Amino acid sequence: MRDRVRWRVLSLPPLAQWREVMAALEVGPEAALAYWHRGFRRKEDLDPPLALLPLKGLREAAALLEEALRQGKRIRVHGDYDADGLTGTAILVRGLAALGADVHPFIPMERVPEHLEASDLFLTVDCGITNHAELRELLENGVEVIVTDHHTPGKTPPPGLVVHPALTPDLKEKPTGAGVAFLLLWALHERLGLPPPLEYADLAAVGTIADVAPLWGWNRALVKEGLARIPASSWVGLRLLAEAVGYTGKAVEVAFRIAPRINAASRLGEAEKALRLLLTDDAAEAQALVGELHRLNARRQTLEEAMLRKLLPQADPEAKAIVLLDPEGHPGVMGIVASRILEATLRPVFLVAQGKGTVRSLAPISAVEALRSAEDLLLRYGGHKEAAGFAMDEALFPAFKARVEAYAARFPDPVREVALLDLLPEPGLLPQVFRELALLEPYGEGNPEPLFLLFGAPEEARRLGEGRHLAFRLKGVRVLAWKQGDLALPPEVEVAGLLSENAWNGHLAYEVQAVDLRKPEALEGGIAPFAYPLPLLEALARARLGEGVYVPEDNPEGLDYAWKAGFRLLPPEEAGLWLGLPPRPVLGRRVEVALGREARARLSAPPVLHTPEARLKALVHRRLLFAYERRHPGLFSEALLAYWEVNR
Ligand SMILES: [Mn+2]
Ligand SMILES: [Mn+2]
């Protein structure tokens with residue numbers, strides 16, 4: 001919840017690589033650091049090429065589609081009911097229909113009989129990887145089958161043509177159902193000698209974001225293309241839904257405003273509505289359908305809020321596993337209620353309603369593995385490490401509870417990490433830093449928005465209402481935050497926050513939105529320590545007592561006070577106490593380091609003459625000062641190595 005949150009400072013890269021990214025991407029050291037951690041090291045990683053990924057089975061499926069089209073075979077597109085499944089079938093349904101195909105959708109074994117009666121070619125989107133037995137249409141009545149999906153497969157690929165990323169050896173890419181739908185239509189356009197179907201990238205991007213797929217490589221390229229096309233979409237329904245939610249080109253708006261609206265239709269039993277919104281060219285009908293989705297989303301929200309309100313206060317504590325029963329709960333909203341409970345609790349969550357079950361888990365507790373430990377009690381079940389689902393007779397709930405509660409007790413408590421890119425730059429460099437981080441977008445599963453660490457005594461603190469909302473300043477920068485129940489900041493605070501560009505009344509303000517705030521505590525990070533920060537007062541005392549000490553040539557003023565006081569001056573490689581920094585590395589040491597307060601070495605504190613790699617130096621300096629002051633042997637030692645190098 002709060003005592004199991006670990007803050008860590010990301011490691012510094014080798015200076016030669018840091019400088020290469022800076023030069024190659026034309027950015028300062030802060031953004032360069034972020035790029036490096038995300039794997040962006042060439043100008044080609046920021047704008048990857050949107051190309052036809054060579055998935056296994058893709059050429060064949062496209063060949064089969066050409067045959068279906070030319071011979072006028074009846075194509076049925078069977079997609080999933082969430083955003084990815086719906087955008088994926090809309091892509092294939094619109095795509096194939098534009099080429100003169102006789103095609104129609106079918107939205108979700110007892111169905112196979114009519115699946116047979118209605119089609120010559122059966123296309124599953126975002127599903128069908130594990131539906132073996134239904135090889136019936138392949139067998140029972142000669143129906144051609146194409147499976148496109150990306151979900152966790154089975155022990156063996158199902159009958160029929162199967163196109164799946166995970167079945168493509170080597171391939172690092174992780175396209176989703178809509179991504180695969182999109183690649184397939186593209187493969188077909190290639191066979192027909194037609195241009196890439198880029199007008200379908202917006203639908204594809206919506207599905208990819210909705211499925212929380214990693215946003216790097218091809219997925220990153222697909223999303224930049226689709227996000228950009230939404231405003232003037234070829235699909236009036238998508239455009240109108242984007243406008244209804246005030247879309248401004250952000251992947252985050254799709255993830256939190258557009259897709260949930262599409263998903264609500266499904267969860268509430270009206271998935272046809274969302275699909276039709278994506279297939280219509282009639283603006284009037286689309287407008288009405290957006291209204292309808294807004295109504296379904298409001299209903300889903302109302303039900304989710306009521307359920308959360310009934311559940312969260314229950315069996316939560318420090319239980320190891322939260323397992324609750326709500327007999328009459330709506331199964332269409334419980335997945336999200338379990339996610340929200342998991343977050344306010346850092347515990348796997350298991351919910352059961354109307355005989356249906358959903359699991360959201362984290363840390364070392366595999367969701368599906370907990371269910372496997374109680375499998376005898378279940379009618380159906382399955383999922384992965386983070387989410388899972390099942391069906392079970394509610395009479396068995398108490399037995400199910402103990403089973404999972406004990407499964408979870410086998411593991412150490414889940415712990416949440418907060419990753420910090422670096423210390424926040426000085427107020428004057430925030431605009432440039434913000435503009436350079438800009439290029440990282442779109443943010444998502446692939447690349448999270450970076451967080452900066454602020455530290456100090458809060459000043460000018462002032463509340464906003466009677467709630468936790470409040471604002472203050474740290475060394476000149478305004479930070480906005482929701483004080484976790486308490487209000488009133490301690491004397492000194494540590495903040496993990498997002499660099500924001502806040503527009504108001506035609507003007508901009510560069511501030512920080514705190515994601516976490518807390519009393520200064522141990523920070524994870526740094527290298528195997530060799531230099532240990534010691535306050536100058538303590539160091540001078542020991543020096544006066546006769547400890548073998550080192551004072552660098554620089555600030556002969558300090559070297560004078562030393563000589564002209566009889567210190568047992570020594571060279572850095574043999575003195576276990578240093579009062580300043582040596583010019584070149586001195587490892588295989590294990591020494592205690594002091595800078596000062598009125599000391600000259602403490603001049604990692606003076607402002608530069610920006611722009612070049614002068615900013616690389618200033619970041620290193622600010623790092624040393626911070627690690628020195630926090631008495632953090634690991635970050636100090638790491639900063640000291642970077643310090644030697646940016647001076648060679
Ligand atoms: Mn799906
Ligand atoms: Mn999917």
# chains A, B, ... in the order shown; residues from 1 in each chain; ligands from 1
call {"tool": "residues_around", "arguments": {"residues": "residue 383 (chain A)", "least_positions_apart": "6", "cutoff": "9 Å", "atoms": "only C-alpha atoms", "output": "mmCIF file with N, CA, C and O atoms, in the first residue's frame"}}
result
data_model
loop_
_atom_site.group_PDB
_atom_site.id
_atom_site.type_symbol
_atom_site.label_atom_id
_atom_site.label_comp_id
_atom_site.auth_asym_id
_atom_site.auth_seq_id
_atom_site.Cartn_x
_atom_site.Cartn_y
_atom_site.Cartn_z
ATOM 1 N N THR A 152 -2.143 -15.721 -25.622
ATOM 2 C CA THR A 152 -1.324 -16.867 -25.242
ATOM 3 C C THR A 152 -1.894 -18.091 -25.981
ATOM 4 O O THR A 152 -3.051 -18.486 -25.755
ATOM 5 N N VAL A 359 -9.597 -12.414 -11.892
ATOM 6 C CA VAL A 359 -8.419 -12.243 -11.064
ATOM 7 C C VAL A 359 -7.489 -11.171 -11.634
ATOM 8 O O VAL A 359 -7.278 -11.114 -12.840
ATOM 9 N N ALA A 367 -1.330 -14.818 -11.488
ATOM 10 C CA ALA A 367 -2.777 -14.926 -11.404
ATOM 11 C C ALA A 367 -3.279 -16.308 -11.779
ATOM 12 O O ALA A 367 -4.011 -16.943 -11.013
ATOM 13 N N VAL A 368 -2.884 -16.775 -12.956
ATOM 14 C CA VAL A 368 -3.342 -18.068 -13.416
ATOM 15 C C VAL A 368 -2.786 -19.214 -12.581
ATOM 16 O O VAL A 368 -3.430 -20.255 -12.440
ATOM 17 N N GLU A 369 -1.607 -19.020 -12.007
ATOM 18 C CA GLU A 369 -0.986 -20.064 -11.200
ATOM 19 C C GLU A 369 -1.699 -20.237 -9.857
ATOM 20 O O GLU A 369 -1.704 -21.312 -9.286
ATOM 21 N N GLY A 389 -9.370 -15.463 -15.537
ATOM 22 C CA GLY A 389 -10.808 -15.578 -15.360
ATOM 23 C C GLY A 389 -11.253 -17.006 -15.072
ATOM 24 O O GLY A 389 -10.514 -17.957 -15.317
ATOM 25 N N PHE A 390 -12.458 -17.166 -14.529
ATOM 26 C CA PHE A 390 -12.955 -18.502 -14.248
ATOM 27 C C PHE A 390 -14.440 -18.535 -13.994
ATOM 28 O O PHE A 390 -15.115 -17.506 -13.974
#
call {"tool": "residues_around", "arguments": {"residues": "residue 267 (chain A)", "least_positions_apart": "3", "cutoff": "7 Å", "atoms": "only C-alpha atoms", "output": "ChimeraX atom specification"}}
result
/A:263-264,332
call {"tool": "closest_residue", "arguments": {"among": "A:444, A:490, A:49, A:179", "to": "ligand 1", "atoms": "only C-alpha atoms and all ligand atoms"}}
result
A:179
call {"tool": "select_by_dssp", "arguments": {"residues": "region 337-505 of chain A", "states": "helix (DSSP H, G or I)", "output": "VMD selection string"}}
result
chain A and resid 337 to 343 367 to 372 375 to 377 394 to 408 427 to 440
call {"tool": "write_last_selection", "arguments": {"atoms": "N, CA and C atoms", "output": "compact mmCIF listing (two decimals), in the first residue's frame"}}
result
# COMPACT_ATOMS: atom_id res chain seq x y z
N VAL A 337 -13.04 -3.46 -11.30
CA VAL A 337 -13.15 -3.27 -9.86
C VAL A 337 -11.98 -4.01 -9.18
N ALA A 338 -11.62 -5.18 -9.69
CA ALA A 338 -10.51 -5.92 -9.10
C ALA A 338 -9.19 -5.16 -9.33
N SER A 339 -9.03 -4.54 -10.51
CA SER A 339 -7.81 -3.77 -10.78
C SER A 339 -7.68 -2.59 -9.82
N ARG A 340 -8.79 -1.89 -9.60
CA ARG A 340 -8.77 -0.73 -8.71
C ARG A 340 -8.52 -1.09 -7.24
N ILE A 341 -8.94 -2.30 -6.85
CA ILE A 341 -8.74 -2.78 -5.48
C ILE A 341 -7.29 -3.21 -5.36
N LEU A 342 -6.79 -3.85 -6.39
CA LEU A 342 -5.40 -4.26 -6.38
C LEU A 342 -4.49 -3.05 -6.21
N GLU A 343 -4.82 -1.95 -6.88
CA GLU A 343 -3.96 -0.78 -6.82
C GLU A 343 -3.95 -0.09 -5.47
N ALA A 367 -1.33 -14.82 -11.49
CA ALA A 367 -2.78 -14.93 -11.40
C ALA A 367 -3.28 -16.31 -11.78
N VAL A 368 -2.88 -16.78 -12.96
CA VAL A 368 -3.34 -18.07 -13.42
C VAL A 368 -2.79 -19.21 -12.58
N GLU A 369 -1.61 -19.02 -12.01
CA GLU A 369 -0.99 -20.06 -11.20
C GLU A 369 -1.70 -20.24 -9.86
N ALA A 370 -2.29 -19.17 -9.34
CA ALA A 370 -3.03 -19.27 -8.09
C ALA A 370 -4.29 -20.10 -8.38
N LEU A 371 -4.90 -19.85 -9.55
CA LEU A 371 -6.09 -20.59 -9.93
C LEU A 371 -5.78 -22.08 -10.14
N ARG A 372 -4.58 -22.37 -10.66
CA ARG A 372 -4.16 -23.74 -10.90
C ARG A 372 -4.07 -24.50 -9.58
N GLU A 375 -7.57 -25.33 -8.99
CA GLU A 375 -8.26 -25.82 -10.18
C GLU A 375 -9.36 -26.89 -10.00
N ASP A 376 -9.18 -27.84 -9.09
CA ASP A 376 -10.19 -28.87 -8.90
C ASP A 376 -11.55 -28.24 -8.58
N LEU A 377 -11.52 -27.10 -7.89
CA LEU A 377 -12.73 -26.38 -7.51
C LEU A 377 -13.40 -25.60 -8.64
N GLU A 394 -20.65 -20.92 -6.72
CA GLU A 394 -20.41 -20.10 -5.54
C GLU A 394 -20.40 -20.83 -4.20
N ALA A 395 -20.97 -22.03 -4.16
CA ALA A 395 -21.02 -22.78 -2.90
C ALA A 395 -19.61 -23.13 -2.48
N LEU A 396 -18.71 -23.20 -3.45
CA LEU A 396 -17.33 -23.54 -3.19
C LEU A 396 -16.43 -22.33 -2.89
N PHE A 397 -17.02 -21.13 -2.79
CA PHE A 397 -16.23 -19.93 -2.51
C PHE A 397 -15.29 -20.01 -1.29
N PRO A 398 -15.83 -20.38 -0.11
CA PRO A 398 -14.97 -20.47 1.08
C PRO A 398 -13.73 -21.37 0.90
N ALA A 399 -13.90 -22.46 0.17
CA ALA A 399 -12.80 -23.39 -0.08
C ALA A 399 -11.86 -22.77 -1.10
N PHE A 400 -12.42 -22.00 -2.03
CA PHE A 400 -11.61 -21.35 -3.04
C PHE A 400 -10.75 -20.31 -2.34
N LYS A 401 -11.37 -19.54 -1.45
CA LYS A 401 -10.67 -18.51 -0.70
C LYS A 401 -9.43 -19.04 0.01
N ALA A 402 -9.59 -20.04 0.89
CA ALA A 402 -8.46 -20.60 1.63
C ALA A 402 -7.35 -21.07 0.71
N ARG A 403 -7.74 -21.77 -0.35
CA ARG A 403 -6.78 -22.27 -1.30
C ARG A 403 -5.89 -21.13 -1.80
N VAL A 404 -6.49 -20.11 -2.42
CA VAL A 404 -5.68 -19.02 -2.94
C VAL A 404 -4.99 -18.22 -1.85
N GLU A 405 -5.66 -17.94 -0.73
CA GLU A 405 -5.02 -17.20 0.36
C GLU A 405 -3.73 -17.92 0.80
N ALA A 406 -3.76 -19.25 0.78
CA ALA A 406 -2.59 -20.03 1.17
C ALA A 406 -1.60 -20.09 0.02
N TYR A 407 -2.08 -20.07 -1.21
CA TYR A 407 -1.16 -20.09 -2.34
C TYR A 407 -0.30 -18.83 -2.28
N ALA A 408 -0.95 -17.70 -2.05
CA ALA A 408 -0.29 -16.40 -1.98
C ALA A 408 0.66 -16.24 -0.79
N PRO A 427 15.12 25.17 -12.80
CA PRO A 427 13.94 25.81 -13.41
C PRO A 427 14.17 26.42 -14.81
N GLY A 428 15.35 26.96 -15.05
CA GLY A 428 15.60 27.57 -16.35
C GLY A 428 15.70 26.66 -17.55
N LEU A 429 16.00 25.38 -17.30
CA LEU A 429 16.17 24.40 -18.36
C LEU A 429 14.92 23.51 -18.54
N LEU A 430 13.87 23.77 -17.77
CA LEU A 430 12.69 22.91 -17.89
C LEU A 430 12.00 22.93 -19.27
N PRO A 431 11.89 24.11 -19.90
CA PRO A 431 11.25 24.17 -21.22
C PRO A 431 11.96 23.30 -22.26
N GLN A 432 13.27 23.44 -22.34
CA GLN A 432 14.04 22.68 -23.30
C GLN A 432 13.97 21.19 -22.96
N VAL A 433 14.01 20.87 -21.67
CA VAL A 433 13.96 19.48 -21.29
C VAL A 433 12.62 18.89 -21.71
N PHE A 434 11.54 19.61 -21.39
CA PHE A 434 10.20 19.17 -21.75
C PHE A 434 10.06 18.99 -23.26
N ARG A 435 10.58 19.92 -24.05
CA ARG A 435 10.49 19.80 -25.51
C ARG A 435 11.30 18.61 -26.04
N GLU A 436 12.38 18.24 -25.36
CA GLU A 436 13.17 17.11 -25.83
C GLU A 436 12.53 15.76 -25.44
N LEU A 437 11.84 15.71 -24.30
CA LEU A 437 11.15 14.49 -23.85
C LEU A 437 9.94 14.25 -24.74
N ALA A 438 9.46 15.32 -25.36
CA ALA A 438 8.30 15.28 -26.23
C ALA A 438 8.39 14.17 -27.27
N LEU A 439 9.57 14.06 -27.89
CA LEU A 439 9.83 13.08 -28.93
C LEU A 439 9.63 11.63 -28.52
N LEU A 440 9.57 11.37 -27.22
CA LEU A 440 9.38 10.01 -26.70
C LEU A 440 7.97 9.51 -26.93
call {"tool": "residues_near_ligand", "arguments": {"ligand": "ligand 2", "cutoff": "10 Å", "atoms": "only C-alpha atoms and all ligand atoms", "output": "VMD selection string"}}
result
chain A and resid 79 to 86 88 125 to 127 149 to 151 175 to 180 207 to 213
call {"tool": "closest_residue", "arguments": {"among": "A:354, A:89, A:11, A:156", "to": "ligand 1", "atoms": "only C-alpha atoms and all ligand atoms"}}
result
A:89
call {"tool": "closest_residue", "arguments": {"among": "A:259, A:1, A:599, A:99", "to": "ligand 1", "atoms": "only C-alpha atoms and all ligand atoms"}}
result
A:259
call {"tool": "select_by_dssp", "arguments": {"residues": "region 423-536 of chain A", "states": "strand (DSSP E)", "output": "ChimeraX atom specification"}}
result
/A:423,451-456,459-463,469-474,477-482,493-504,507-518,531-533
